[PDB]
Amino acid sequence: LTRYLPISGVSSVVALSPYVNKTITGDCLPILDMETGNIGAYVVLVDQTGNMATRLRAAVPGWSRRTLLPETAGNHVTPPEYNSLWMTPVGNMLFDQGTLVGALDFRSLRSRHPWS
């Protein structure tokens, strides 16, 4: 049972399935705590396709010129084969206390990542 946090302004979620102690290279967006300004996390873009990249191109016209990222890196999760609530990359979903949980554990899907 995985939980997912929607991100405002983009049609994306943060999948609450951690991969511990990994190293990534990419283009970073700080995540700020509104109560402190402590930065405990970064969004790391690893390719130039996707919703984050689109939103960032609109938000930052200069980024597409300055970056060194591929159009595509081939990092992915394989969507499941299909009455329910479907999210394409992970399958079955339900609302719990307004929160979002999926039937499966994401780490158990077929997925390639930078560290793979």
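So that there is no doubt, residue numbering starts at 1 and follows the sequence shown.
Per the record, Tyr82 and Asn83 are separated by 4 to 9 deposited residues that have no coordinates.
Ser11: CA B factor lies in the lowest third for its chain, per the PDB record. Annotation for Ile24: C-alpha temperature factor in the lowest third relative to the rest of the modelled chain, per the entry.
Split the chain's modelled residues into thirds by C-alpha temperature factor. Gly37 is in the middle one. Per the PDB record, residue ranking by Cα B-factor puts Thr88 in the middle third of the chain. In this PDB entry, the Cα temperature factor of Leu68 sits in the top third of its chain's modelled residues, the highest group.
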